[PDB]
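J.: Pasting an experimental structure with its sequence.
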Amino acid sequence: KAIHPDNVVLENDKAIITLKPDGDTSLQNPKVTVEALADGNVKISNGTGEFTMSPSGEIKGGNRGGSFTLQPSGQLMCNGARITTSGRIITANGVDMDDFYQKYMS
Amino acid sequence: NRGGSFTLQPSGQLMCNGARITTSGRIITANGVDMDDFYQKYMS
């Protein structure tokens, strides 16, 4: 059988575990992949979707029709709607809940 | 997120930088305003 020139590969019929000298490690199979790269990258992935974390501290969910994204600045996001660090719920239509409340009660 | 948090507490209360979504779906914004409460004052 062939041998990889430089890689400690622990392998089964269709399940593979690969560790490379440069930090990167990866679990693979014909429909899933869980790789942890050297540069703080986590990219847990699947055919139906994926979840990843960037070195910049980002957290995202590849809903493929949605996104549970969290930006480095702490601004929660979901399909455009934002929740600022201060808890202001800025809906995708631009309406701020406190602003709309202020016009009421006038 | 180091500048944010997609936190989910054991009691099922979704949270994001203080803003909460209760188990019953009440969107309690960080400023304390409840969407249903603000809606009730409107339409009066």
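T.: All right, it came through fine. Residues are numbered from 1 along each chain as shown, chains lettered A, B, ... in the order given.

J.: quick one: secondary structure of the most centrally placed residue in chain A?
T.: Centroid-nearest residue in chain A, with Cα atoms, centre = their mean: residue A:52, separated by 2.4 Å. The three-state label given to residue A:52 by DSSP: H, G, I helix; E, B strand; the rest coil is strand.

J.: How many residues are close by the spatially closest residue to it that is not a sequence neighbour?
T.: Of all residues not flanking residue A:52 in the chain, residue A:43 sits nearest, at 4.6 Å (Cβ to Cβ, 6 or more residues apart in numbering or on different chains). For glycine as for every other residue, the C-beta is placed from the backbone atoms N, C-alpha and C. Residues within reach of residue A:43, counting by other Cβ atoms under 10 Å in any protein chain shown, total 16.

J.: Surely residue A:74 is within a helix?
T.: No. Assessed with three-state DSSP, residue A:74 is coil; it does not lie in a helix.

J.: how near is it to residue A:31?
T.: 34 Å (Cβ to Cβ, to the nearest Å).

J.: Comparing these two, which residue is more hemmed in?
T.: For residue A:74 versus residue A:31, neighbours defined as other Cβ under 10 Å are more numerous around residue A:74 (18 against 10).

J.: Pretty sure the more buried one sits against residue A:85.
T.: Yes. Using Cβ atoms under 8 Å, residue A:74 is in contact with residue A:85, at 4.6 Å.
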